[PDB]
């Protein structure tokens, strides 16, 4: 009795990207830009703070593996100096928080390596993965995994809602966040999964 909750564009596969290591600079379809510190501008180009989708296939300089799922990942790049704030992706789901239910949110987090226009991509800004109900962060993984340049690791966030939880019936949400706590200050995400089961 482990059931999946649908997520739009959960693997960042829309839009299709043809060319090796190519990318978009606009918010991926199905997601919004989480921008609590106004770090990401409305109009983006390659070198502004931005987010978007990128193809990770044979030929890539970014990883010693391919995209965890499908062809593409979703990425967030922040140009401001470390400490300036955070930004990322948010998606509000149609599912609502239900009692006596354990939620498991999994997402693959990527620390790409390489060099872009003579700028080293070594280093990592840190990540946070959040599960929301309404405006409330129910549970989050703030940067617990060590992710070396060129690899992905799976973050797992869990939350159990009891019958007295104040946020029952509010819409579930997911945030994938660049913490901007190091350089090179970009990171990737892929393969967002949310499942439910009865509480322990």
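Numbering follows the first chain given and starts at 1.
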Query raised in the report: Is residue 112 unresolved, in the sense of carrying no coordinates, in at least a third of the other compared entries?
Result: no
Report summary line: Avg C-alpha B-factor, entry values, 119-127 vs 96-104, higher side is 96-104
Requested in this report: Report the option among 38, 143, 51, 154 whose CA atom has the maximum B-factor in the deposited record.
Outcome: 38
Report summary line: Temperature factor at the Cα of residue 168, chain-ranked in thirds, falls in the highest
Requested in this report: Could you say whether, by C-alpha temperature factor, residue 184 belongs to the lowest, middle or highest third of its chain?
Outcome: middle
Query raised in the report: C-alpha B factor of residue 136, ranked within the chain: lowest, middle or highest third?
Result: lowest
Report summary line: Temperature factor at the Cα of residue 176, chain-ranked in thirds, falls in the lowest
Query raised in the report: Split the chain's modelled residues into thirds by Cα B-factor; is residue 147 in the lowest, middle or highest one?
Result: lowest
